[PDB]
Amino acid sequence: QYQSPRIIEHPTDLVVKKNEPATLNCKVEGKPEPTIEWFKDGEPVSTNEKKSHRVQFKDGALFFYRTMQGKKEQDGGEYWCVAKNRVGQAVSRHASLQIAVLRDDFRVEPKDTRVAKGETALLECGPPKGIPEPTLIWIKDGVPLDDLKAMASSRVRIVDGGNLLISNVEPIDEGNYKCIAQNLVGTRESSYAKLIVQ
């Protein structure tokens, strides 16, 4: 008959590793067949073809064969599609496409610490900012301290997101500690700090 455009599948938020491919969907319905147009941060995405890098499939999907985030190209942003035709038009949800990142400077790194048995020790670790959220693990002399868990009155435990806390300091606790952060982008390491039990 003569149905006005409808959006049957909205594009969804997406995080991608730099230079990897990416796809934002736009399943449209309408009679006449609606024409689909894409927008990035309010401006129309000059695509379809031409000597560029953003492609638009027949199903209206926006395809980045290689997602870019450099000085020249920056695909990061808010995207959305509009379906039109003689009778009307429909708009899709605005989805956000962003390239994973991992700032490489620690907010705070642990520093050498001395402490007497029984006393309480605290090693600082402020992992650098990253998206996705970076993961933070502690390593003592090459052996990763496996307590990457969460909520019991254990011995050594992480606190304030990133800081290592040792309640009753024994002598075995002596050693070199360092914390590591990581997400899709890669890995980030703080230098080694020595914990001395006097």
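Positions of Cβ are generated from backbone atoms using ideal geometry, with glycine treated the same way; all protein chains shown enter the neighbour counts. Just so you know, all these numbers are worked out from the coordinates, no wet-lab data involved.
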Exercise for the section: Order these peptides, 113-126, 47-60, by their mean beta-carbon neighbour count within 10 angstrom, highest first. Expected result: 113-126, 47-60
Fill in the blank from the handout: The alpha-carbon center of segment 28-62 and that of segment 137-197 are separated, in whole Å, by 49
Handout entry: Alpha carbon Rg of segment 1-153, scaled by the compact-globule rule 2.2 N^0.38 Å
Key = 1.61
Exercise for the section: Could you point to the residue in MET68, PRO127, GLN1 farthest towards the positive end of the chain's charge dipole, with +1 and -1 charges on the Cβ of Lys/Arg and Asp/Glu respectively? Expected result: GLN1
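Could you list, in their original order, any pairs among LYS71/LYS178; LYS58/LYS129; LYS17/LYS149; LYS72/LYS111; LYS17/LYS178 whose Cα atoms are separated by more than 32 Å?
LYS71/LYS178; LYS58/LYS129; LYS72/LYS111
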Handout entry: Size of charge dipole - segment 40-196 - debye, nearest 20, with Cβ of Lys, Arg +1 and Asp, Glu -1, no other charges
Key = 860
Practice task
Pull up all non-local amide H partners of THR135: gap of 5 or more, or a different chain, and H-to-H distance under 5 Å with H placed in the peptide plane.
Solution key: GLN182, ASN183
Problem - segment 140-198 shape via C-alpha gyration tensor axes, a/c threshold 1.5 - result: oblate
Fill in the blank from the handout: With +1 on the Cβ of every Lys and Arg and -1 on the Cβ of every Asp and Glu, the dipole magnitude of segment 1-85 about its Cα centre, in debye rounded to the nearest 20, is 300
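Only bridges whose two residues both fall in the chain count here: according to DSSP, what percent of them are antiparallel, nearest 5? Write out the running numbers ahead of the final one.
Values: 51 of 57 bridges.
Bridges in the chain that DSSP calls antiparallel: roughly 90 percent.
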Fill in the blank from the handout: Scalar couplings 3J(HN,Hα) for segment 155-168 by Karplus 6.51 cos²θ - 1.76 cosθ + 1.60 (θ = phi - 60°), nearest whole Hz, x for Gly and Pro, are 9, 9, 8, 7, 8, 6, x, x, 8, 8, 10, 10, 4, 9
Exercise for the section: Sum up the charges of everything whose Cβ sits under 15 Å from the Cβ of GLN98, counting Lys and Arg as +1 and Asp and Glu as -1, but leave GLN98 out. Expected result: -2
Practice task
Under 9 Å from the Cβ of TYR2, count the other residues' Cβ atoms, weight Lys and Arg +1, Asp and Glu -1, and hand me the total.
Solution key: +2
Completion exercise
Per the charge dipole of the chain (beta-carbon charges, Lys/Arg positive, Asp/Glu negative, Cα centre), the residue among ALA95, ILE180, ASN85 reaching farthest to the positive end is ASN85
